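Colleague: final-v5.cif is reproduced below (mmCIF, C-alpha atoms).
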```
data_structure
#
loop_
_atom_site.group_PDB
_atom_site.id
_atom_site.type_symbol
_atom_site.label_atom_id
_atom_site.label_comp_id
_atom_site.auth_asym_id
_atom_site.auth_seq_id
_atom_site.Cartn_x
_atom_site.Cartn_y
_atom_site.Cartn_z
ATOM 1 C CA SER A 505 -4.580 2.551 15.217
ATOM 2 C CA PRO A 506 -6.154 5.664 13.822
ATOM 3 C CA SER A 507 -3.350 6.122 11.181
ATOM 4 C CA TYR A 508 -3.964 2.897 9.226
ATOM 5 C CA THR A 509 -6.416 0.061 9.047
ATOM 6 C CA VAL A 510 -5.560 -3.508 8.278
ATOM 7 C CA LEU A 511 -7.832 -4.863 5.537
ATOM 8 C CA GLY A 512 -8.948 -8.411 4.680
ATOM 9 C CA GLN A 513 -10.816 -9.965 1.793
ATOM 10 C CA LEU A 514 -14.534 -10.867 2.006
ATOM 11 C CA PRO A 515 -14.287 -14.503 0.913
ATOM 12 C CA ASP A 516 -14.752 -15.224 -2.842
ATOM 13 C CA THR A 517 -15.135 -11.528 -3.656
ATOM 14 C CA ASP A 518 -13.049 -8.530 -4.709
ATOM 15 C CA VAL A 519 -14.225 -6.635 -1.624
ATOM 16 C CA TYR A 520 -11.572 -5.550 0.894
ATOM 17 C CA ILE A 521 -12.548 -3.989 4.146
ATOM 18 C CA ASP A 522 -11.390 -3.414 7.762
ATOM 19 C CA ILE A 523 -10.464 -6.882 9.209
ATOM 20 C CA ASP A 524 -12.470 -5.961 12.392
ATOM 21 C CA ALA A 525 -15.638 -4.816 10.546
ATOM 22 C CA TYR A 526 -17.024 -8.293 9.803
ATOM 23 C CA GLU A 527 -16.182 -11.708 11.256
ATOM 24 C CA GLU A 528 -15.651 -13.618 7.948
ATOM 25 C CA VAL A 529 -13.318 -11.038 6.411
ATOM 26 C CA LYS A 530 -9.853 -12.715 6.241
ATOM 27 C CA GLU A 531 -6.317 -11.540 5.494
ATOM 28 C CA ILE A 532 -4.640 -13.281 2.519
ATOM 29 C CA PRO A 533 -1.565 -15.264 3.540
ATOM 30 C CA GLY A 534 1.592 -13.677 2.234
ATOM 31 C CA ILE A 535 0.005 -10.238 1.790
ATOM 32 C CA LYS A 536 -0.461 -7.345 4.170
ATOM 33 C CA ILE A 537 -3.015 -4.743 3.105
ATOM 34 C CA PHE A 538 -3.011 -1.405 4.968
ATOM 35 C CA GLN A 539 -5.402 1.410 4.347
ATOM 36 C CA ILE A 540 -3.768 4.794 4.942
ATOM 37 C CA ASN A 541 -5.986 6.929 7.217
ATOM 38 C CA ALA A 542 -3.634 9.799 8.105
ATOM 39 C CA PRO A 543 -0.604 11.414 6.443
ATOM 40 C CA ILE A 544 1.995 8.733 5.864
ATOM 41 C CA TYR A 545 4.471 9.863 8.442
ATOM 42 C CA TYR A 546 1.918 8.837 11.103
ATOM 43 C CA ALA A 547 1.511 5.352 9.623
ATOM 44 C CA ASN A 548 5.319 5.195 9.099
ATOM 45 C CA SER A 549 5.797 6.009 12.796
ATOM 46 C CA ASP A 550 3.442 2.986 13.554
ATOM 47 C CA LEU A 551 5.493 0.803 11.169
ATOM 48 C CA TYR A 552 8.675 1.636 13.035
ATOM 49 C CA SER A 553 6.932 0.892 16.405
ATOM 50 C CA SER A 554 5.884 -2.735 15.740
ATOM 51 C CA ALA A 555 9.179 -3.469 13.820
ATOM 52 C CA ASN A 638 6.162 -14.584 5.794
ATOM 53 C CA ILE A 639 5.014 -11.697 3.575
ATOM 54 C CA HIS A 640 5.770 -11.318 -0.158
ATOM 55 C CA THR A 641 3.686 -8.130 -0.809
ATOM 56 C CA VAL A 642 2.490 -5.087 1.138
ATOM 57 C CA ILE A 643 -0.481 -3.308 -0.498
ATOM 58 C CA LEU A 644 -1.050 0.310 0.596
ATOM 59 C CA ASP A 645 -4.624 1.476 -0.118
ATOM 60 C CA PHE A 646 -4.522 5.190 -1.002
ATOM 61 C CA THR A 647 -8.240 5.553 -1.574
ATOM 62 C CA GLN A 648 -8.524 8.087 1.344
ATOM 63 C CA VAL A 649 -5.510 10.152 0.273
ATOM 64 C CA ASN A 650 -6.188 13.395 -1.594
ATOM 65 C CA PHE A 651 -2.631 14.639 -2.113
ATOM 66 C CA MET A 652 0.889 14.103 -0.967
ATOM 67 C CA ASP A 653 3.465 16.590 0.307
ATOM 68 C CA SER A 654 7.223 16.354 -0.351
ATOM 69 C CA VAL A 655 7.916 14.927 3.080
ATOM 70 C CA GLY A 656 5.239 12.217 2.612
ATOM 71 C CA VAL A 657 6.662 11.263 -0.772
ATOM 72 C CA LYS A 658 10.212 10.886 0.689
ATOM 73 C CA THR A 659 8.810 8.765 3.516
ATOM 74 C CA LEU A 660 6.945 6.512 1.097
ATOM 75 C CA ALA A 661 10.004 6.210 -1.183
ATOM 76 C CA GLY A 662 12.003 4.916 1.811
ATOM 77 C CA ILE A 663 9.318 2.379 2.733
ATOM 78 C CA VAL A 664 9.253 1.069 -0.864
ATOM 79 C CA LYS A 665 13.047 0.982 -1.055
ATOM 80 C CA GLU A 666 13.602 -0.749 2.264
ATOM 81 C CA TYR A 667 11.039 -3.492 1.662
ATOM 82 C CA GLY A 668 12.312 -3.859 -1.908
ATOM 83 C CA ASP A 669 15.845 -4.387 -0.621
ATOM 84 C CA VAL A 670 14.556 -7.593 1.088
ATOM 85 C CA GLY A 671 12.583 -8.702 -1.983
ATOM 86 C CA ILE A 672 9.143 -7.513 -0.705
ATOM 87 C CA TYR A 673 7.122 -5.407 -3.165
ATOM 88 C CA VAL A 674 5.052 -2.491 -1.848
ATOM 89 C CA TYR A 675 2.144 -1.756 -4.177
ATOM 90 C CA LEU A 676 0.051 1.441 -4.170
ATOM 91 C CA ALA A 677 -3.663 0.833 -4.793
ATOM 92 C CA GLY A 678 -6.234 3.538 -5.529
ATOM 93 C CA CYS A 679 -4.056 6.608 -5.991
ATOM 94 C CA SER A 680 -5.924 9.468 -7.582
ATOM 95 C CA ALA A 681 -4.505 11.296 -10.576
ATOM 96 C CA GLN A 682 -3.585 14.166 -8.192
ATOM 97 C CA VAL A 683 -1.673 11.791 -5.919
ATOM 98 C CA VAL A 684 0.228 10.330 -8.825
ATOM 99 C CA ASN A 685 1.010 13.885 -9.999
ATOM 100 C CA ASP A 686 2.362 14.572 -6.463
ATOM 101 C CA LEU A 687 4.430 11.418 -6.466
ATOM 102 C CA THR A 688 5.758 12.354 -9.920
ATOM 103 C CA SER A 689 6.603 15.985 -8.986
ATOM 104 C CA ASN A 690 8.536 14.745 -5.902
ATOM 105 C CA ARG A 691 10.672 12.291 -7.981
ATOM 106 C CA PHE A 692 9.069 9.060 -6.771
ATOM 107 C CA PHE A 693 9.238 7.758 -10.401
ATOM 108 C CA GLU A 694 12.882 9.018 -11.087
ATOM 109 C CA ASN A 695 13.209 5.296 -11.850
ATOM 110 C CA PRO A 696 10.290 4.492 -14.237
ATOM 111 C CA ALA A 697 10.163 0.900 -13.161
ATOM 112 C CA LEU A 698 8.330 2.204 -10.001
ATOM 113 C CA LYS A 699 5.260 2.908 -12.209
ATOM 114 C CA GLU A 700 4.757 -0.856 -12.074
ATOM 115 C CA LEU A 701 3.867 -0.580 -8.358
ATOM 116 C CA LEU A 702 0.599 1.330 -9.123
ATOM 117 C CA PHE A 703 -2.784 -0.485 -9.364
ATOM 118 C CA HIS A 704 -6.239 0.979 -9.593
ATOM 119 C CA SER A 705 -7.884 -1.269 -7.019
ATOM 120 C CA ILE A 706 -6.770 -3.427 -4.120
ATOM 121 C CA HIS A 707 -7.971 -6.531 -6.041
ATOM 122 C CA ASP A 708 -5.873 -5.562 -9.110
ATOM 123 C CA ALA A 709 -2.800 -5.299 -6.763
ATOM 124 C CA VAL A 710 -3.609 -8.718 -5.198
ATOM 125 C CA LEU A 711 -3.835 -10.268 -8.746
ATOM 126 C CA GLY A 712 -0.647 -8.372 -9.758
ATOM 127 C CA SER A 713 1.248 -9.965 -6.825
ATOM 128 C CA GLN A 714 0.693 -13.533 -8.129
ATOM 129 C CA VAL A 715 3.551 -13.741 -10.598
ATOM 130 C CA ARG A 716 6.382 -11.237 -11.100
ATOM 131 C CA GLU A 717 10.178 -10.890 -11.228
ATOM 132 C CA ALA A 718 11.536 -12.356 -7.968
#
```
Would you give me this structure, written as structure tokens?
Modeller:
Amino acid sequence: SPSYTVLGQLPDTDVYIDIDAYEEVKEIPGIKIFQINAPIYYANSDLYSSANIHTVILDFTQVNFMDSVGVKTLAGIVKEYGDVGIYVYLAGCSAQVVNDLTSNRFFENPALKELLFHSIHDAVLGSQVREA
């Protein structure tokens, strides 16, 4: 899909890249890592289309800002996975993106600040142990 890319881990490293870019790159069981490549309502439309995972990690490294519609869309993804016990983490948001999330009430509940990680690897380590 052009709107997201599934990422895997280069074995025994903290490097995460397109699963199809290199043969030995491998997804981590229990985690889905998607890099956002277009505004989130495109990826969200893909999500709806295909619809044992404990965590979904969204890599925001390509995202430069978010609009109000995008924030509402993301808040619904996080809510709906959370309602079945699956955490959605946001990896690599810039300070501007977090400002946009904040302005659009994504953190009305401050607990949602615990979904932010600087890197994909930090989010993978953060998924190991947490309130179930």
Colleague: Taking only C-alpha atoms into account, which of A:653, A:661, A:672, A:505 comes nearest residue 553 of chain A?
Modeller: A:505
Colleague: As a check of understanding, name the residues that the PyMOL selection byres ((chain A and resi 541) around 6) selects in the supplied structure, as a JSON list (two decimals) with C-alpha atoms, in the coordinates of the input.
Modeller:
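As a result, selection27.json now contains:
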```
[["chain", "number", "residue", "atom", "x", "y", "z"],
["A", 507, "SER", "CA", -3.35, 6.12, 11.18],
["A", 508, "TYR", "CA", -3.96, 2.90, 9.23],
["A", 540, "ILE", "CA", -3.77, 4.79, 4.94],
["A", 542, "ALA", "CA", -3.63, 9.80, 8.10]]
```
Colleague: In Å, how far is it from atom CA of residue 512 of chain A to atom CA of residue 666 of chain A?
Modeller: 23.9 Å
Colleague: Measuring atom to atom with all atoms listed in the file, identify which of A:652, A:511, A:523, A:702 is nearest to residue 682 of chain A.
Modeller: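 Smallest separation from residue 682 of chain A among the options: A:652.
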Colleague: Could you tell me, as a PyMOL selection string, exactly which residues end up selected when the PyMOL selection byres ((chain A and resi 524-531) around 9) is applied to this structure?
Modeller: chain A and resi 510-515+520-523+532-537
Colleague: The PyMOL selection byres ((chain A and resi 545) around 10) - which residues does that actually catch in the file I just gave you? List them as a PyMOL selection string.
Modeller: chain A and resi 507+542-544+546-551+655-660
Colleague: Of the candidates A:519, A:674, A:555, A:644, which shows the shortest atom-to-atom distance to residue 707 of chain A, using only C-alpha atoms?
Modeller: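 Nearest to residue 707 of chain A: A:519.
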Colleague: Quick one, how far is atom CA of residue 714 of chain A from atom CA of residue 552 of chain A?
Modeller: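 Atom CA of residue 714 of chain A sits 27.2 Å away from atom CA of residue 552 of chain A.
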Colleague: Between A:643, A:718, A:687, A:698, which residue has the minimum interatomic distance to residue 675 of chain A, considering only C-alpha atoms?
Modeller: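 Closest residue, counting only C-alpha atoms: A:643.
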Colleague: Rounded to one decimal place, report the atom CA of residue 681 of chain A-atom CA of residue 697 of chain A distance in Å.
Modeller: 18.2 Å
Colleague: Please determine the residues with any atom at most 7 Å from (-7.3, 7.0, -8.0) (coordinates as given in the file, with only C-alpha atoms counting) and report them as a VMD selection string.
Modeller: chain A and resid 647 678 to 681 704
Colleague: Edge lengths and centre in Å to one decimal, as lines of an AutoDock Vina configuration file, of the axis-aligned box that encloses all listed atoms of segment 514-520 of chain A with 6 Å added on every side?
Modeller:
```
center_x = -13.4
center_y = -10.4
center_z = -1.4
size_x = 15.6
size_y = 21.7
size_z = 18.7
```
